[PDB]
Amino acid sequence: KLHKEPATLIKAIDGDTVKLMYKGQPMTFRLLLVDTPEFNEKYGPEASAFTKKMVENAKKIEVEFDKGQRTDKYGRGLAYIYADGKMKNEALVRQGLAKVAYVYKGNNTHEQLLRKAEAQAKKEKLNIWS
Ligand SMILES: Cc1cn([C@H]2C[C@H](OP(=O)(O)O)[C@@H](COP(=O)(O)O)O2)c(=O)[nH]c1=O
Ligand SMILES: [Ca+2]
């Protein structure tokens, strides 16, 4: 079992990174288990727009760390991020705006949930799968 913790928005960055205040400190978070296109790539802008809209409209942002590493080699927090109870990581995949990616042993709790969303986005031919 994982736990949701509070955080507040500082600023949207791109499809799979965001700046949040967590335990009172500014931190850039990278979303576990996904990969969005870079802003400069196809669907990059749409991914960035999606994440921005989702976080900027939320009344309540939460951070959920997995079992394993909580920061990556660049000092980014590694988390599942929720906006008003909806997971951003899963939402991007379900929409065909991210691929399931970077699945490392022991930070992979929600792997099967996200693959199931990817299968459905691919069936629908959405965005990246179009
Ligand atoms: C998502 C994730 C990325 N990373 C590192 C792997 C990649 O190293 P490299 O920079 O050497 O390619 C990079 C991809 O992040 P980005 O897709 O944001 O560039 O971030 C992790 O270490 N753990 C993770 O859980
Ligand atoms: Ca990326």
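Shown for chain A, in order and in Swiss-Prot numbering: 88-127, 134-223.
So this one's X-ray crystallography, 1.8 Å, going by the header.
Cβ coordinates come from backbone N, Cα and C, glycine included.
According to Swiss-Prot, the residue from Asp103, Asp159 that belongs to the Ca(2+) site alongside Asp122, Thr123 is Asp103. Counted within 10 Å of its Cβ, the other Cβ atoms near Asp122 (Ca(2+) binding site) come to 17, all protein chains included. Sequence-distant contacts (6 or more apart, same chain, Cβ under 8 Å) of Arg117 (active site) comprise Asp103, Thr104, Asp165, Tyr167, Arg169, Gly170, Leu171.
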